[PDB]
Amino acid sequence: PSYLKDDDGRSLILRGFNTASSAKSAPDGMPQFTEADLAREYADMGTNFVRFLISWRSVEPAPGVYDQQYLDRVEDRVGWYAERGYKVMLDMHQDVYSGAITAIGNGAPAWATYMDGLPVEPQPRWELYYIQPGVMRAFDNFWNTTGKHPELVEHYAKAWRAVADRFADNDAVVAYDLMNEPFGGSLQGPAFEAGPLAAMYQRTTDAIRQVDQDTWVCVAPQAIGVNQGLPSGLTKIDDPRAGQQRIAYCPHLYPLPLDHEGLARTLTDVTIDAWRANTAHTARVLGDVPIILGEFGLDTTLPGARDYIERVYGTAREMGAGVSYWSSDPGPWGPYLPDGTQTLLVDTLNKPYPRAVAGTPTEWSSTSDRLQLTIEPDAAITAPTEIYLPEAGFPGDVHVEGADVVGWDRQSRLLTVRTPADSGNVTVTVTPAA
Ligand SMILES: CN(C)c1ccc(C(=O)NC[C@H]2N[C@H](CO)[C@@H](O)[C@@H]2O)cc1
Ligand code: NA
């Protein structure tokens, strides 16, 4: 597997949440999420990553006019993450194109929404709005499948350029997820993904690279089908940056039976297997790129939920993938219920992990009171390997075999270690002090 890297050349293992669904329809475009909420998340789970929802409607409220005050608000939030050592992926988020389709959809500004008078009648489930005539036409106009709106993708790319211009020198921002859950309207499958989808990604990457050379550009397959374990027809995107390509692949995982026991468990288990095979293939097509599982999630009060969650994180670990759980929002899907009570997610996610490794992590494992990590060394890296250790399992000092302890911060829960770079692969084992 390939990894995103920090400025010290360390390989990043990314663990966190999508924050937050509540932003989708917020008038000011911000999630209902405070600095105190992040402090709680960090204290309870030691996360180091966020997929932070932004929106085109908030960036570009009028054609060619970008809202710098909105970007100020996003910058303020990124600051909260920066202060607690997080890396941030900005997600240009949409579901069902736009709020202007009827509160149901979100993403595009009203000026960018052309349903051409075609109907969008009320449906019993939100997902069904995707296939209503007016929504299908909004998407068809966006992709210029209709031939009537070539400007829309160009506007999209330049709104991204505006965002990248603001965040190019932000040390907490590591990735730009170019489009949440792409949907092709009347185009579906490889016709969509290798056609207008790939074309938009190339134009947007190119525009971003006018103002930002170093942030990872993250691309997704179409959501419908591929979310459920079908192959993607997405094709390679060219990164014009001088040096090595910085493109990453950011698919989602949503097995059909969950939308976890008996035949339903078997179906979900083979879905993961299929999803892994397909994800690995497309990551190869894109240039042996790093993988971020940008969304997965379920109602944690469902029987078998913990087994499913643990299986997904083990699979991500084996794949060398980042994870942003959908989502931090209050409710039984999330880490907290609305009254602040912890769900099953907190104890499940609160495990030791390597955050930033001085070399390529070839294999690792962790339990409540043990972490083991094997590193393929890189002599050029001078920064230590940085590891999260939860207090429940590590209430005092650490015992470390295979590395020298550089620092052990019992407040931030960050252990830093140093390993030789001239003795082949090194295995570090961390346990609680006697
Ligand atoms: C019919 N189409 C095109 C469709 C249907 C359903 C989803 C979906 O459930 N996606 C999973 C989650 N992703 C969003 C956030 O990106 C969440 O609201 C969904 O639960 C996607 C597309
Ligand atoms: Na950055």
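Along the sequence shown, the residues carry numbers beginning at 1.
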- Message: side chain to side chain donor-acceptor pair (under 3.5 Å), that's the test. Do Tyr86 and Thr47 meet it? Break it down for me.
- Response: CA-CA 8 Å; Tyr86 284 72; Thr47 45; 2.7 Å; yes

- Close side-chain approach of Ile247 and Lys236, heavy atoms under 4.5 Å: no

- Task: Report yes if the side chains of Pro240 and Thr205 come closer than 4.5 Å at any heavy-atom pair, otherwise no.
- Result: yes

- Query: Are any of the side-chain nitrogens in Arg161 or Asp212 under 4.0 Å away from the carboxylate oxygens of its partner?
  - Reply: no

- Query: What is the ring orientation for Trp333 with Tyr254, classed by angle as parallel under 30°, tilted 30 to 60°, or perpendicular over 60°?
  - Reply: tilted

- Item | Close side-chain approach of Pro420 to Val426, heavy-atom, < 4.5 Å | yes

- Item | Nearest-0.5 Å distance that lies between atom OG1 in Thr300 and atom CD in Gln342 | 11.5 Å

- SB check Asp239 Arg246 (cutoff 4.0 Å): no

- Query: Just by distance, with hydrogens left out, do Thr362 and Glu376 show a side-chain donor and acceptor under 3.5 Å apart?
  - Reply: no

- Report yes or no: does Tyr156 contribute a side-chain atom to a donor-acceptor pair with the main-chain N or O of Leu178 at less than 3.5 Å? yes

- Query: Taking 4.0 angstrom as the limit, do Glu60 and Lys158 come out as a salt bridge?
  - Reply: no

- Task: Compare every heavy atom of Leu414 with every heavy atom of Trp408, then report the nearest pair and how far apart it is.
- Result: CE3-O, 3.5 Å

- Task: Go through the steps to decide whether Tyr70 and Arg57 satisfy the test side-chain contact (heavy atoms from CB on, under 4.5 Å), and finish with yes or no.
- Result: CA-CA 10 Å; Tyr70 169 66; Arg57 58 100 180 176; over 6 Å; no

- Note on the structure: The reported gap from CG in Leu253 to OG1 in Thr268 (rounded to nearest 0.5 angstrom) is 9.0 Å

- Item | Ring centroid separation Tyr97 to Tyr129 under 6.0 Å | no

- Message: Please check this pair: side chain of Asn180 against backbone of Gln94, looking for a donor-acceptor N/O pair closer than 3.5 Å.
- Response: yes

- Item | Closest contact, heavy atoms only, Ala159 versus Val59 | O-CG1, 3.7 Å

- Whether over 12 other heavy atoms sit under 6.0 Å from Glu363 CD: no

- Query: So, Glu35 and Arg84, do they make that salt bridge, N to O below 4.0 Å?
  - Reply: yes

- Is there a donor in the side chain of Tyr336 and an acceptor in the side chain of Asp37, or the other way round, less than 3.5 Å apart? no

- Item | Minimum heavy-atom distance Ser328-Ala20, with the two atoms named | OG-CB, 3.9 Å

- Item | Shortest non-hydrogen contact from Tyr308 toward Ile272 | CE1-CD1, 4.0 Å

- Query: More than 12 foreign heavy atoms under 6.0 Å from CG of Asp171: is that the case here?
  - Reply: no

- Smallest separation among heavy atoms of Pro182 and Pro221, with atom names: CD-O, 3.3 Å

- Message: Counting C-beta onward and ignoring hydrogens, is there a side-chain heavy-atom pair between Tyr249 and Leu234 closer than 4.5 Å?
- Response: yes

- Item | Candidate list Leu90, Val219, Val88, test side-chain contact (heavy atoms from CB on, under 4.5 Å), partner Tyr176, passing option | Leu90

- Message: What I want to check is whether the side chains of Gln210 and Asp206 have a donor and an acceptor closer together than 3.5 Å.
- Response: no

- Message: Under 3.5 Å, is there a donor on one side chain and an acceptor on the other for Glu181 and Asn227?
- Response: yes

- Evaluate whether atom CG of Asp259 has more than 12 neighbouring non-hydrogen atoms of other residues, nucleotides or ligands under 6.0 angstrom away. yes

- Heavy-atom distance under 4.5 Å between the side chains of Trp364 and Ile13, does that happen here? yes

- Message: Are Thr271 and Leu256 packed together at the side-chain level, in the sense that at least one heavy-atom pair is separated by less than 4.5 angstrom?
- Response: no

- ring-ring contact (aromatic ring centres under 6.0 Å, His included) partners for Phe17, two or more places apart: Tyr325

- Query: Looking only at side chains, do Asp140 and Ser186 share a donor and an acceptor under 3.5 Å apart?
  - Reply: yes

- Message: Assess the residue pair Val217 and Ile237 against the criterion (side-chain contact (heavy atoms from CB on, under 4.5 Å)); give the C-alpha distance rounded to whole Å, side-chain angles, the decisive distance to 0.1 Å, and a yes or no.
- Response: CA-CA 10 Å; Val217 164; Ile237 307 303; 5.8 Å; no

- Query: Would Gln123 and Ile131 count as a side-chain contact (heavy atoms from CB on, under 4.5 Å) if you check the C-alpha gap in whole Å, the side-chain angles of each, and the deciding distance to 0.1 Å?
  - Reply: CA-CA 10 Å; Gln123 301 299 312; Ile131 68 172; over 6 Å; no

- Heavy atoms, side chains only, cut-off 4.5 Å: are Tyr388 and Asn350 in contact? yes

- Item | Cationic N near anionic O, under 4.0 Å, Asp273 to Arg311 | yes

- Answer yes or no: is there a donor N or O on one side and an acceptor on the other, between the side chain of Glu310 and the main chain of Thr348, under 3.5 Å? no

- Would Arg166 and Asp72 satisfy side-chain contact (heavy atoms from CB on, under 4.5 Å), going step by step from the backbone distance to the final call? CA-CA 9 Å; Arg166 177 62 75 95; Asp72 292 341; 2.8 Å; yes

- Message: Between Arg418 and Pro384, is there a side-chain heavy-atom distance shorter than 4.5 Å?
- Response: yes

- Item | Euclidean distance, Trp216 CH2 relative to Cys250 SG, rounded to 0.5 Å | 14.0 Å

- Message: Please tell me whether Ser368 and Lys351 have a donor and an acceptor in their side chains that are separated by less than 3.5 angstrom.
- Response: yes

- How long is the span from the CD atom in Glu391 to the CZ atom in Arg413, to the nearest 0.5 Å? 4.5 Å

- Message: I'd like to know if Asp6 pairs up with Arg10 as an ion pair, taking the criterion as any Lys NZ or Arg NE/NH1/NH2 lying under 4.0 Å from an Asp or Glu carboxylate oxygen.
- Response: yes

- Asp238 side-chain N/O to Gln202 backbone N/O, donor-acceptor pair under 3.5 Å: no

- When rounded to the nearest 0.5 angstrom, what is the spacing between CZ in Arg410 and CG in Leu415? 11.0 Å

- Query: So, for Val226 and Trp275, which heavy atoms are closest and what is the spacing to 0.1 Å?
  - Reply: O-CD1, 4.0 Å

- Query: Can you list every pair that meets salt bridge (charged side-chain N to carboxylate O under 4.0 Å, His left out) and has a residue in residues 21-34, with sequence neighbours left out?
  - Reply: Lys24-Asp95

- Item | Set of residues satisfying side-chain contact (heavy atoms from CB on, under 4.5 Å) with respect to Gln188, sequence neighbours excluded | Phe183, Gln222, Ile224

- Item | Donor-acceptor side-chain pairing of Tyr353 and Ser366 below 3.5 angstrom | no

- Message: With ring-ring contact (aromatic ring centres under 6.0 Å, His included) as the criterion, how do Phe142 and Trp56 come out once you've worked through the C-alpha distance, each side chain's angles and the decisive distance to 0.1 Å?
- Response: CA-CA 13 Å; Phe142 177 81; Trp56 184 16; 5.7 Å; yes

- For residues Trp80 and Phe52, establish whether the separation of their ring centroids is below 6.0 Å. no

- Message: Other residues, nucleotides and ligands only: do more than 12 of their heavy atoms fall within 6.0 Å of CZ on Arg265?
- Response: no

- Does the side chain of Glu193 come under 3.5 Å of the side chain of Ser232 through a donor N or O and an acceptor N or O? yes

- Query: Do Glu386 and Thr416 meet the criterion of a side-chain donor-acceptor pair at a distance under 3.5 Å?
  - Reply: no

- Message: If I take atom CD1 from residue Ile208 and atom CZ from residue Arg203, how far apart are they, to the nearest 0.5 angstrom?
- Response: 13.5 Å

